[PDB]
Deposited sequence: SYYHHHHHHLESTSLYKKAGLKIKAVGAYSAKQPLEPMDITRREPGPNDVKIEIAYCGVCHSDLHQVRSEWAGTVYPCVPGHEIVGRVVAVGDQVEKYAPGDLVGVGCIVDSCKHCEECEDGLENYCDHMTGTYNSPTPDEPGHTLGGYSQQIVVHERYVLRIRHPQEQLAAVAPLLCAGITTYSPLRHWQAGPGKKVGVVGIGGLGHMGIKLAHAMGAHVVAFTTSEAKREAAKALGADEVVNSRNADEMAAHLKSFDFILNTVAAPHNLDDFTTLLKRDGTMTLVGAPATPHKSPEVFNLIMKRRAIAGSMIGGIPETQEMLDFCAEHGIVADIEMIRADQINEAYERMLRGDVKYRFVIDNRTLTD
């Protein structure tokens, strides 16, 4: 099984062979077609303090076709179009898992870098030809097969924004802000718009103003222009901040209505929180049930990510561009190019 991974934090991703466990009774064997490139992949293979275990094979925005299934699998059959996100296992018996929030389980097994009985001791991600996952964590893709690659980013970037939008009830009659026009930001705008909310996108440069409009934002604000920001004082029900290194959170807090919340999902003057009972929260990905709901919703609405397909040997160059925001708006690996 071919894949692409790193041997150390300072070594660029390179070709390497890995192994996969034989499908167990509840397992689904998947032939990976495409894998989205997430900033978490970059961080994992480069960050010194990511607790990264090598070799490291990133990738967790996986879509492909079922090759085989265990004798106890009830959800899938060979030929099915499926997806895998950031979770491949969880304890299944804690309050979070029982509530369909496996993403918040204290013992959640991540698609990559988590301990597992499978060789070599830690999970290897989607930058590979195949993956074997317990059916509870495998999602069903309902989009037409021609859109598989564009569906890939939904498995992480998509759910990461979909989950909080749903949790804070974005929808008709709600004014929702989306900060950042990158991989996460573009999905936040697409989804908030599809949910029926009045969407305001925030950027730090005039260069991406038209781009935000094109994504579905009803209004766009350059957060560096005080006049533009002031026009939205105390008007937002919810603000989804997707910027990696969010700045001027004070400015955004003042844009929230009473009882409003700004949730951060990217990788604060108390006075402003107190005066209107506002809150700042965080959120990461989503549980499996909601990830499935999101995929169904996106399939019915024809929602997919805007992507740029690349070869498996171009991931290092892709990372460089991602750091400059030089992609519109998600890189997706054509896993067939592994061979």
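Unmodelled regions of the deposited sequence, numbered from residue 1: 1 to 22, 290 to 296, 369.
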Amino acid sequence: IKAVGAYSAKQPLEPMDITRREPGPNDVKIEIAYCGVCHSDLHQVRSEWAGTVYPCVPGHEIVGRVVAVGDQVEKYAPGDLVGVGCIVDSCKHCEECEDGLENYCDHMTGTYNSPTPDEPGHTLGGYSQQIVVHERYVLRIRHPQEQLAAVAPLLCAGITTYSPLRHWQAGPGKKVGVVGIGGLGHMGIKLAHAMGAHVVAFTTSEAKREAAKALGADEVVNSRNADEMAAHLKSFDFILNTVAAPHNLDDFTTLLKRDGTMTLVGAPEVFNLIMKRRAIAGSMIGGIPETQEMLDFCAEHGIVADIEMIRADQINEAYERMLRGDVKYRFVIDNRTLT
From here on, numbers count along this sequence of modelled residues.
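Mean CA temperature factor is higher for 222 to 230 when stretches 222 to 230 and 81 to 89 are set side by side in the entry.
When the two stretches 50 to 58 and 283 to 291 are set side by side, the higher mean Cα temperature factor goes to 50 to 58. Looking at 306, 313, 41, 31, the one whose CA carries the top B-factor in the deposited record is 313. Highest CA B-factor among the listed residues (116, 169, 103, 253): 116.
Among the modelled residues of its chain, residue 187 has a C-alpha B-factor that falls in the lowest third, as given in the PDB entry.
Residue-level temperature factors show residue 177 in the lowest third of its chain, judged at the C-alpha atom. The entry lists a Cα temperature factor for residue 203 that places it in the middle third of the chain's modelled residues. When the modelled residues of the chain are ordered by their C-alpha B factor, residue 147 lands in the middle third. When the modelled residues of the chain are ordered by their C-alpha B factor, residue 210 lands in the middle third.
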